[PDB]
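So this one's entry22.cif, mmCIF, C-alpha atoms and all ligand atoms:
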data_query
#
loop_
_atom_site.label_atom_id
_atom_site.label_comp_id
_atom_site.auth_asym_id
_atom_site.auth_seq_id
_atom_site.Cartn_x
_atom_site.Cartn_y
_atom_site.Cartn_z
CA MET N 1 -14.14 -5.81 32.43
CA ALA N 2 -12.58 -6.97 29.09
CA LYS N 3 -16.05 -7.38 27.45
CA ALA N 4 -16.92 -3.71 28.23
CA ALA N 5 -13.58 -2.47 26.79
CA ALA N 6 -12.78 -1.52 23.20
CA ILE N 7 -9.70 -0.18 21.35
CA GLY N 8 -9.25 2.08 18.37
CA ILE N 9 -6.68 1.09 15.78
CA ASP N 10 -5.26 3.25 12.97
CA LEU N 11 -3.90 0.58 10.57
CA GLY N 12 -1.64 2.83 8.47
CA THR N 13 0.35 2.25 5.30
CA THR N 14 3.72 2.86 7.02
CA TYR N 15 2.84 3.21 10.77
CA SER N 16 0.00 1.96 13.00
CA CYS N 17 -1.34 3.47 16.23
CA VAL N 18 -3.60 2.11 19.03
CA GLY N 19 -5.73 4.09 21.50
CA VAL N 20 -8.14 3.40 24.36
CA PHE N 21 -10.83 5.73 25.75
CA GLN N 22 -11.10 5.32 29.55
CA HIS N 23 -11.83 7.51 32.59
CA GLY N 24 -12.89 10.39 30.27
CA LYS N 25 -9.64 10.53 28.26
CA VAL N 26 -7.95 8.91 25.27
CA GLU N 27 -4.65 7.18 25.99
CA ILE N 28 -2.49 6.54 22.93
CA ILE N 29 -0.67 3.39 23.98
CA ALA N 30 3.14 3.27 23.78
CA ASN N 31 4.69 -0.01 22.51
CA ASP N 32 7.46 -1.96 24.42
CA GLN N 33 10.14 0.45 22.99
CA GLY N 34 8.12 3.47 24.33
CA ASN N 35 6.88 4.57 20.85
CA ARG N 36 3.29 5.82 20.38
CA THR N 37 3.28 4.62 16.72
CA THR N 38 4.58 1.27 15.43
CA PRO N 39 5.96 0.60 11.89
CA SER N 40 3.52 -1.48 9.70
CA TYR N 41 6.40 -3.94 8.96
CA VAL N 42 6.65 -7.70 9.28
CA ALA N 43 10.09 -9.40 8.99
CA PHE N 44 10.63 -13.14 8.43
CA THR N 45 14.04 -14.34 9.64
CA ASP N 46 16.00 -17.61 10.08
CA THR N 47 14.64 -17.93 13.70
CA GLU N 48 11.61 -15.67 14.12
CA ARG N 49 8.94 -13.39 12.81
CA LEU N 50 9.41 -9.70 13.80
CA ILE N 51 6.71 -7.02 13.84
CA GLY N 52 7.06 -3.24 14.11
CA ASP N 53 10.25 -1.49 15.25
CA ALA N 54 12.37 -4.69 15.38
CA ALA N 55 11.21 -5.51 11.79
CA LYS N 56 11.97 -1.94 10.53
CA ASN N 57 15.40 -1.94 12.30
CA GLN N 58 16.68 -4.97 10.29
CA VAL N 59 15.18 -4.02 6.86
CA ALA N 60 18.70 -3.27 5.40
CA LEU N 61 20.09 -6.72 6.27
CA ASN N 62 16.96 -8.68 5.19
CA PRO N 63 15.12 -6.68 2.41
CA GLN N 64 13.67 -9.72 0.55
CA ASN N 65 11.90 -11.05 3.68
CA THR N 66 10.82 -7.72 5.25
CA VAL N 67 7.20 -6.98 4.20
CA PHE N 68 5.69 -3.45 4.32
CA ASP N 69 2.97 -1.60 2.20
CA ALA N 70 0.48 -4.50 2.64
CA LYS N 71 -2.29 -1.82 2.73
CA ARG N 72 -1.44 -1.06 -0.97
CA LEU N 73 -2.33 -4.69 -1.84
CA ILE N 74 -5.21 -5.43 0.60
CA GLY N 75 -8.55 -6.19 -1.10
CA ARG N 76 -7.06 -5.93 -4.63
CA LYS N 77 -6.79 -8.41 -7.52
CA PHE N 78 -3.27 -9.36 -8.79
CA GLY N 79 -4.15 -8.00 -12.27
CA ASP N 80 -5.09 -4.55 -10.82
CA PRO N 81 -2.77 -1.94 -12.54
CA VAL N 82 -2.07 -0.44 -9.02
CA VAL N 83 -0.64 -3.83 -7.87
CA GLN N 84 1.32 -4.33 -11.14
CA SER N 85 2.86 -0.84 -10.88
CA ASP N 86 3.74 -1.09 -7.13
CA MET N 87 5.37 -4.59 -7.43
CA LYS N 88 8.24 -3.10 -9.50
CA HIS N 89 9.34 -1.06 -6.42
CA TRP N 90 9.20 -3.66 -3.64
CA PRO N 91 12.22 -5.87 -2.70
CA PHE N 92 9.90 -8.72 -1.57
CA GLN N 93 8.23 -11.11 -4.04
CA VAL N 94 4.51 -10.75 -4.91
CA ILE N 95 2.94 -13.87 -6.49
CA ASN N 96 -0.43 -14.64 -8.05
CA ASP N 97 -2.80 -17.15 -6.33
CA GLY N 98 -6.00 -17.31 -8.50
CA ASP N 99 -6.00 -13.53 -9.30
CA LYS N 100 -5.18 -12.77 -5.60
CA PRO N 101 -1.74 -11.38 -4.63
CA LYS N 102 0.34 -13.17 -1.96
CA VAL N 103 3.68 -11.93 -0.60
CA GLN N 104 6.28 -14.73 -0.84
CA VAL N 105 9.16 -14.89 1.68
CA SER N 106 11.75 -17.15 3.29
CA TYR N 107 10.87 -17.95 6.94
CA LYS N 108 12.88 -20.37 9.17
CA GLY N 109 14.59 -21.64 5.98
CA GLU N 110 11.27 -22.43 4.22
CA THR N 111 9.36 -20.67 1.40
CA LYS N 112 6.03 -19.31 2.73
CA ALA N 113 3.40 -17.10 1.07
CA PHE N 114 0.87 -14.76 2.77
CA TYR N 115 -2.27 -12.95 1.74
CA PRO N 116 -2.16 -9.16 2.39
CA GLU N 117 -4.83 -9.66 5.12
CA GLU N 118 -2.57 -12.24 6.84
CA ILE N 119 0.29 -9.67 6.85
CA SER N 120 -2.05 -6.93 8.14
CA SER N 121 -3.42 -9.38 10.79
CA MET N 122 0.18 -9.72 12.20
CA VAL N 123 0.38 -5.91 12.47
CA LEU N 124 -3.11 -5.89 14.15
CA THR N 125 -2.09 -8.75 16.57
CA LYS N 126 0.89 -6.58 17.65
CA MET N 127 -1.42 -3.54 18.28
CA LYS N 128 -3.80 -5.84 20.24
CA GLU N 129 -0.85 -7.13 22.42
CA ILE N 130 0.41 -3.52 22.97
CA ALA N 131 -3.12 -2.59 24.30
CA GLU N 132 -3.28 -5.81 26.43
CA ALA N 133 0.19 -5.08 28.03
CA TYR N 134 -1.00 -1.52 28.88
CA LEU N 135 -4.45 -2.56 30.20
CA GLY N 136 -3.42 -5.69 32.12
CA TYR N 137 -6.19 -7.79 30.50
CA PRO N 138 -7.00 -9.00 26.92
CA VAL N 139 -9.10 -6.59 24.88
CA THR N 140 -10.78 -7.99 21.80
CA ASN N 141 -13.39 -5.37 20.64
CA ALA N 142 -11.93 -2.88 18.14
CA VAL N 143 -12.71 -0.10 15.70
CA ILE N 144 -10.31 -0.26 12.71
CA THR N 145 -9.92 2.68 10.28
CA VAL N 146 -9.46 2.69 6.47
CA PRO N 147 -8.99 5.51 3.88
CA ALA N 148 -12.29 7.14 2.78
CA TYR N 149 -11.71 5.88 -0.85
CA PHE N 150 -11.43 2.17 0.12
CA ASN N 151 -14.17 0.17 -1.73
CA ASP N 152 -16.18 -2.79 -0.29
CA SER N 153 -13.53 -5.40 -1.13
CA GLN N 154 -10.72 -3.43 0.69
CA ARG N 155 -12.99 -2.81 3.73
CA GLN N 156 -13.95 -6.53 3.88
CA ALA N 157 -10.29 -7.68 3.65
CA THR N 158 -9.38 -5.21 6.46
CA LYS N 159 -12.23 -6.68 8.65
CA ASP N 160 -10.86 -10.21 7.74
CA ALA N 161 -7.38 -9.07 8.95
CA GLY N 162 -9.08 -8.06 12.23
CA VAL N 163 -10.81 -11.48 12.59
CA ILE N 164 -7.53 -13.39 11.87
CA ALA N 165 -5.84 -11.17 14.55
CA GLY N 166 -8.50 -12.25 17.15
CA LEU N 167 -10.34 -8.94 17.21
CA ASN N 168 -14.11 -8.46 17.26
CA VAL N 169 -14.42 -5.66 14.66
CA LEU N 170 -17.16 -3.32 15.96
CA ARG N 171 -16.92 -1.17 12.81
CA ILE N 172 -14.64 -0.24 9.92
CA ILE N 173 -14.64 3.60 9.91
CA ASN N 174 -13.07 6.14 7.48
CA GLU N 175 -9.79 7.74 8.60
CA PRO N 176 -11.00 11.40 8.02
CA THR N 177 -14.23 10.58 9.94
CA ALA N 178 -12.13 9.26 12.94
CA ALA N 179 -10.00 12.48 12.73
CA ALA N 180 -13.18 14.71 12.78
CA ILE N 181 -14.45 12.66 15.79
CA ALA N 182 -11.08 13.24 17.58
CA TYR N 183 -11.75 17.01 17.39
CA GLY N 184 -15.44 16.60 18.41
CA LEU N 185 -16.61 18.11 15.11
CA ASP N 186 -19.79 15.93 15.04
CA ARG N 187 -20.97 17.40 18.44
CA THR N 188 -21.51 21.07 17.32
CA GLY N 189 -25.36 20.76 17.45
CA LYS N 190 -27.49 21.32 14.31
CA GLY N 191 -26.66 22.57 10.80
CA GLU N 192 -24.30 21.13 8.13
CA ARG N 193 -20.58 21.46 9.01
CA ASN N 194 -17.97 21.23 6.18
CA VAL N 195 -14.63 19.76 7.28
CA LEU N 196 -11.46 19.40 5.26
CA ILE N 197 -8.94 16.75 6.46
CA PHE N 198 -5.35 17.28 5.20
CA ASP N 199 -3.54 13.95 5.73
CA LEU N 200 0.20 13.89 4.84
CA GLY N 201 1.82 10.66 6.07
CA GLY N 202 5.06 8.73 5.44
CA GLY N 203 4.16 7.47 1.96
CA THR N 204 0.70 8.84 1.02
CA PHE N 205 -1.17 12.17 0.84
CA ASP N 206 -4.97 12.35 1.21
CA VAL N 207 -7.36 15.26 1.17
CA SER N 208 -10.92 14.54 2.32
CA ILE N 209 -13.93 16.83 2.52
CA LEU N 210 -16.78 15.75 4.86
CA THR N 211 -20.17 17.28 5.67
CA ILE N 212 -21.45 16.63 9.24
CA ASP N 213 -25.21 17.17 9.37
CA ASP N 214 -26.61 16.39 12.87
CA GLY N 215 -23.98 13.77 13.75
CA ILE N 216 -24.32 12.09 10.31
CA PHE N 217 -21.10 12.04 8.22
CA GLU N 218 -21.04 12.31 4.41
CA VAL N 219 -17.88 12.11 2.24
CA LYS N 220 -18.14 14.91 -0.37
CA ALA N 221 -14.73 14.45 -2.01
CA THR N 222 -11.43 12.61 -1.80
CA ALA N 223 -8.25 13.72 -3.61
CA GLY N 224 -4.52 13.31 -3.19
CA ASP N 225 -1.38 11.46 -4.23
CA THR N 226 -0.90 7.83 -3.16
CA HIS N 227 2.86 8.19 -3.76
CA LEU N 228 3.63 11.46 -1.87
CA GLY N 229 4.73 11.53 1.73
CA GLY N 230 7.43 12.12 4.33
CA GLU N 231 9.83 9.64 2.69
CA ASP N 232 10.06 11.82 -0.48
CA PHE N 233 11.29 14.71 1.78
CA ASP N 234 13.91 12.37 3.43
CA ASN N 235 15.11 11.48 -0.11
CA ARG N 236 15.47 15.17 -1.12
CA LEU N 237 17.75 15.63 1.98
CA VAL N 238 19.71 12.48 1.00
CA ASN N 239 20.41 13.87 -2.56
CA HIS N 240 21.58 17.20 -1.04
CA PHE N 241 24.04 15.53 1.39
CA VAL N 242 25.34 13.13 -1.34
CA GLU N 243 26.18 16.29 -3.45
CA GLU N 244 27.71 18.05 -0.36
CA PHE N 245 29.92 14.96 0.41
CA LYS N 246 31.04 14.98 -3.28
CA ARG N 247 31.95 18.74 -3.05
CA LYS N 248 33.91 18.31 0.24
CA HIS N 249 35.70 14.99 -0.52
CA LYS N 250 35.43 14.41 -4.32
CA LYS N 251 33.83 10.96 -3.62
CA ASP N 252 30.43 9.61 -4.83
CA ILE N 253 28.67 7.68 -1.99
CA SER N 254 25.37 6.95 -3.93
CA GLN N 255 26.45 3.36 -4.83
CA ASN N 256 27.38 2.38 -1.21
CA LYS N 257 24.03 0.93 0.07
CA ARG N 258 25.13 1.10 3.76
CA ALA N 259 26.28 4.75 3.43
CA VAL N 260 22.99 5.76 1.69
CA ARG N 261 20.81 3.97 4.36
CA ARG N 262 22.75 5.52 7.32
CA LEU N 263 22.47 8.94 5.64
CA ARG N 264 18.70 8.29 5.01
CA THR N 265 17.89 7.50 8.70
CA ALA N 266 20.00 10.52 9.86
CA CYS N 267 18.11 12.73 7.30
CA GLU N 268 14.70 11.51 8.61
CA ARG N 269 15.84 12.47 12.17
CA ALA N 270 17.22 15.91 11.06
CA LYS N 271 13.94 16.53 9.17
CA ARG N 272 11.97 15.95 12.43
CA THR N 273 14.32 18.40 14.33
CA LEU N 274 13.70 21.01 11.59
CA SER N 275 9.99 21.05 12.61
CA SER N 276 10.90 22.68 16.00
CA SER N 277 14.45 24.17 15.40
CA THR N 278 15.78 26.43 12.54
CA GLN N 279 18.79 24.08 12.08
CA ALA N 280 19.65 20.39 12.61
CA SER N 281 22.99 18.64 12.79
CA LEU N 282 24.04 15.37 11.09
CA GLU N 283 26.68 13.39 13.07
CA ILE N 284 27.70 10.28 11.11
CA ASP N 285 30.91 8.55 12.18
CA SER N 286 32.80 6.89 9.27
CA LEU N 287 30.01 7.44 6.66
CA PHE N 288 32.20 6.33 3.72
CA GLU N 289 35.87 5.24 3.48
CA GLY N 290 36.47 6.22 7.16
CA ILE N 291 35.28 9.80 6.60
CA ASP N 292 33.04 11.26 9.32
CA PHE N 293 30.15 13.41 8.08
CA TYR N 294 29.52 16.19 10.60
CA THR N 295 27.41 18.86 9.01
CA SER N 296 24.21 20.89 9.51
CA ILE N 297 21.32 22.24 7.46
CA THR N 298 18.94 25.16 7.97
CA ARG N 299 15.13 24.88 7.86
CA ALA N 300 15.38 27.47 4.93
CA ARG N 301 17.59 25.07 2.89
CA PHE N 302 15.28 22.07 3.72
CA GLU N 303 12.27 24.16 2.58
CA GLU N 304 14.08 24.95 -0.73
CA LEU N 305 14.99 21.24 -1.27
CA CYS N 306 11.23 20.22 -0.92
CA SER N 307 9.64 23.49 -2.21
CA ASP N 308 7.97 21.92 -5.34
CA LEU N 309 6.67 18.90 -3.26
CA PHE N 310 5.16 21.14 -0.51
CA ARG N 311 3.46 23.35 -3.17
CA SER N 312 2.08 20.23 -5.00
CA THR N 313 -0.05 19.43 -1.87
CA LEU N 314 -2.37 22.40 -2.77
CA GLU N 315 -3.48 20.92 -6.21
CA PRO N 316 -5.48 18.02 -4.54
CA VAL N 317 -6.91 20.59 -2.03
CA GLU N 318 -8.29 22.70 -4.92
CA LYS N 319 -9.39 19.52 -6.78
CA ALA N 320 -11.32 18.26 -3.68
CA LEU N 321 -13.00 21.71 -3.26
CA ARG N 322 -14.19 21.69 -6.96
CA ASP N 323 -15.42 18.03 -6.71
CA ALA N 324 -17.32 18.91 -3.46
CA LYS N 325 -18.63 22.08 -5.25
CA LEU N 326 -17.45 24.24 -2.32
CA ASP N 327 -15.44 27.46 -2.13
CA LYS N 328 -12.71 27.94 0.58
CA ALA N 329 -14.95 30.21 2.78
CA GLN N 330 -17.59 27.34 2.84
CA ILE N 331 -15.14 25.04 4.78
CA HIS N 332 -15.80 25.35 8.55
CA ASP N 333 -12.81 23.27 9.87
CA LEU N 334 -9.30 22.31 8.74
CA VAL N 335 -7.84 19.16 10.37
CA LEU N 336 -4.13 18.02 10.17
CA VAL N 337 -3.37 14.26 10.05
CA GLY N 338 0.01 12.53 9.49
CA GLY N 339 3.42 13.28 11.00
CA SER N 340 4.54 15.35 7.96
CA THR N 341 1.87 18.02 8.77
CA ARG N 342 4.18 19.08 11.66
CA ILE N 343 6.43 20.71 9.00
CA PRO N 344 6.00 24.51 9.50
CA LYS N 345 6.21 25.31 5.73
CA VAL N 346 3.35 22.82 5.04
CA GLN N 347 1.14 24.49 7.73
CA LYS N 348 1.98 27.97 6.39
CA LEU N 349 1.08 26.94 2.76
CA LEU N 350 -2.25 25.39 3.82
CA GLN N 351 -3.14 28.33 6.18
CA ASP N 352 -2.30 30.94 3.44
CA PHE N 353 -4.34 28.94 0.84
CA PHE N 354 -7.30 29.14 3.32
CA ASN N 355 -6.72 32.92 3.70
CA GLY N 356 -4.96 32.89 7.14
CA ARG N 357 -7.33 30.36 8.81
CA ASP N 358 -6.56 28.52 12.14
CA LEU N 359 -5.69 24.81 11.78
CA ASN N 360 -6.85 21.94 14.07
CA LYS N 361 -3.47 20.49 15.09
CA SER N 362 -3.49 20.24 18.94
CA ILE N 363 -3.77 16.41 18.77
CA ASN N 364 -0.50 14.67 17.62
CA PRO N 365 -1.29 14.39 13.88
CA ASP N 366 0.16 10.87 13.62
CA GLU N 367 -2.25 9.92 16.53
CA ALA N 368 -5.53 11.80 15.65
CA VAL N 369 -7.02 8.86 13.67
CA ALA N 370 -6.42 6.29 16.49
CA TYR N 371 -7.70 8.90 18.98
CA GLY N 372 -11.05 9.22 17.11
CA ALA N 373 -11.29 5.44 16.52
CA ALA N 374 -10.80 4.95 20.34
CA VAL N 375 -13.66 7.46 21.03
CA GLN N 376 -15.95 5.64 18.52
CA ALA N 377 -14.98 2.18 19.93
CA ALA N 378 -16.02 3.41 23.46
CA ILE N 379 -19.41 4.75 22.22
CA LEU N 380 -20.03 1.53 20.19
CA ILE N 381 -19.09 -0.91 23.04
CA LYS N 382 -21.31 1.12 25.51
CA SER N 383 -24.32 0.82 23.10
CA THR N 384 -23.68 -3.00 22.85
CA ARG N 385 -23.61 -3.21 26.74
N1 LIG T 1 8.28 16.33 13.73
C1 LIG T 1 8.10 15.89 12.48
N2 LIG T 1 8.46 16.69 11.46
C2 LIG T 1 8.40 16.21 10.21
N3 LIG T 1 8.02 14.99 9.80
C3 LIG T 1 7.64 14.23 10.84
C4 LIG T 1 7.63 14.59 12.17
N4 LIG T 1 7.18 13.55 12.97
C5 LIG T 1 6.94 12.60 12.11
CL1 LIG T 1 6.32 11.07 12.55
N5 LIG T 1 7.19 12.92 10.80
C6 LIG T 1 7.10 12.10 9.61
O1 LIG T 1 5.76 11.67 9.48
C7 LIG T 1 5.72 10.39 8.82
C8 LIG T 1 4.85 9.44 9.61
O2 LIG T 1 3.52 9.94 9.71
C9 LIG T 1 7.18 9.98 8.59
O3 LIG T 1 7.54 10.40 7.27
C10 LIG T 1 7.93 10.83 9.62
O4 LIG T 1 9.26 11.14 9.22
#
Could you express the structure from this file as structure tokens?
Amino acid sequence: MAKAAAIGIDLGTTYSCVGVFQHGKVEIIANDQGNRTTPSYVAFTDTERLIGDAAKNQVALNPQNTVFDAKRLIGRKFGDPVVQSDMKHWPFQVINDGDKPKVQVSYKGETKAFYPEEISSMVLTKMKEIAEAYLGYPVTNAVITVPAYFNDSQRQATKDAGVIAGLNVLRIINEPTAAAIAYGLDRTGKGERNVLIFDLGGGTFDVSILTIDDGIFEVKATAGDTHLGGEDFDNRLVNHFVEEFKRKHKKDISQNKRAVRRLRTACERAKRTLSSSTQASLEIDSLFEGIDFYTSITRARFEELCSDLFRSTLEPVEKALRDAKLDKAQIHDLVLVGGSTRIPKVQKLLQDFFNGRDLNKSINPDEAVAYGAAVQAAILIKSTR
């Protein structure tokens, strides 16, 4: 029953996803708000602790006590220059507890501090409860994914997050490996298969090259930009609309925090529409000083606004190919991961770079990692019996 069941969890920097392999198919499980992905956010309020959508929805009102980006801290020392650099951009407090970072917040009127693995365990507990509500029984066995470049300390702290969350961690697997499993790229018989995973998420960009020799995976190269993702494209749209509002009304909205946030969420939505329509409309009632902001933008203008950012995704692709000592024609498969890979210009740039090649994109890119993890969790729990 529950002991013969296992889930696959993609514990992402900005969003998390949970899947279950049953009756010959993967089911990506929708949360209680009907969403197939859940924000990796934890909010501490005057009455409760919020996780996911409810935590993301109140981030504007409670920025000091809304934790996100715990994956950027997990398994790291406080003195790490990555931690020191990132801390300058977060609205929550990061403290030092014997060279280990802790996030410090106000919860129910009291000062509390949490290890990154305790924050990630609250995200994992939520994914576990989402699976349990779908299945009708508690599931405890899980496969949890991590980036291919995570070292032993980051992998161990992720497994610790799983234990705190009440999960039996069957295995910690690499995100590009789970994505290759989702597409069945390890079941092509004999002979070495070279796979490139192009993973463009909400806040990070990763390129991974894997060799699959008779079911055995080997990471040949990892490249990317830890500070490039979908949110940079939302911000390019924000700057455009701030300049358009200034041209139409001769008023600068940039300093009004509420106006900028409402414009930001509307921009994120319009950006998503631009992946399937050639135009999107913004409909903001009383954006600033009682002025409605009803406008539109073409996909052509959006592509111009992010042109340099889209083109920059090809430098880590070339870098990974040189590190792996492989030419483009030596790559057998191209896999898309992350919601931002739905952007048509991004697909066109990657396809043209690989000389007109087909892309593996039939599985929802923001769900491919959880899909593969769910497949692996089923194989692993079956072998355990
Ligand atoms: N249809 C889409 N077109 C463009 N961007 C998208 C789309 N869906 C998501 Cl999610 N994202 C973005 O992916 C990230 C999460 O993986 C977020 O930045 C989200 O906006």
Exercise for review: Would you list the contacts of range 364-369 of chain N as a PyMOL selection string, taking every protein, DNA or RNA residue within 6 Å and counting only C-alpha atoms, but skipping same-chain residues closer than 2 positions in sequence?
Suggested key: chain N and resi 10+175+178-179+336-339+371-372
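Between CA of residue 359 in chain N and CA of residue 36 in chain N the interatomic distance comes to 22.7 Å.
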Point to revise | Residues within 12 Å of residue 316 in chain N, all atoms listed in the file, excluding chain neighbours under 4 positions, as a list in words | key: residues 196, 197, 198, 199, 200, 205, 206, 207, 208, 209, 221, 222, 223, 224, 225, 226, 228, 310, 311, 312, 320, 321, 322, 323, 324 and 350 of chain N
Tell me, counting all atoms listed in the file, for each residue of chain N within 9 Å of ligand LIG 1 (chain T), which pair of atoms is nearest and how far apart they are in Å to one decimal, in rows ordered by chain and increasing number, as a Markdown table.
| residue | atom | partner | partner_atom | distance |
| --- | --- | --- | --- | --- |
| N:12 | CA | T:LIG1 | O2 | 8.9 |
| N:14 | CA | T:LIG1 | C8 | 7.2 |
| N:15 | CA | T:LIG1 | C8 | 6.6 |
| N:37 | CA | T:LIG1 | CL1 | 8.3 |
| N:200 | CA | T:LIG1 | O2 | 7.1 |
| N:201 | CA | T:LIG1 | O2 | 4.1 |
| N:202 | CA | T:LIG1 | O3 | 3.5 |
| N:203 | CA | T:LIG1 | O3 | 6.9 |
| N:229 | CA | T:LIG1 | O3 | 6.3 |
| N:230 | CA | T:LIG1 | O3 | 3.4 |
| N:231 | CA | T:LIG1 | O3 | 5.2 |
| N:232 | CA | T:LIG1 | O3 | 8.3 |
| N:233 | CA | T:LIG1 | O3 | 7.9 |
| N:234 | CA | T:LIG1 | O4 | 7.5 |
| N:268 | CA | T:LIG1 | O4 | 5.5 |
| N:269 | CA | T:LIG1 | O4 | 7.3 |
| N:270 | CA | T:LIG1 | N2 | 8.8 |
| N:271 | CA | T:LIG1 | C2 | 5.6 |
| N:272 | CA | T:LIG1 | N2 | 3.7 |
| N:273 | CA | T:LIG1 | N1 | 6.4 |
| N:274 | CA | T:LIG1 | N2 | 6.8 |
| N:275 | CA | T:LIG1 | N2 | 4.8 |
| N:276 | CA | T:LIG1 | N1 | 7.2 |
| N:337 | CA | T:LIG1 | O2 | 8.1 |
| N:338 | CA | T:LIG1 | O2 | 4.4 |
| N:339 | CA | T:LIG1 | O1 | 3.2 |
| N:340 | CA | T:LIG1 | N3 | 4.0 |
| N:341 | CA | T:LIG1 | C2 | 6.9 |
| N:342 | CA | T:LIG1 | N2 | 4.9 |
| N:343 | CA | T:LIG1 | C2 | 5.1 |
| N:344 | CA | T:LIG1 | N2 | 8.4 |
| N:365 | CA | T:LIG1 | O2 | 7.8 |
| N:366 | CA | T:LIG1 | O2 | 5.2 |
| N:367 | CA | T:LIG1 | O2 | 8.9 |
Review point. Of the residues N:72, N:319, N:126, N:261, which is the one nearest to residue 13 in chain N, using only C-alpha atoms?
Key: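 Smallest distance to residue 13 in chain N is found for N:72.
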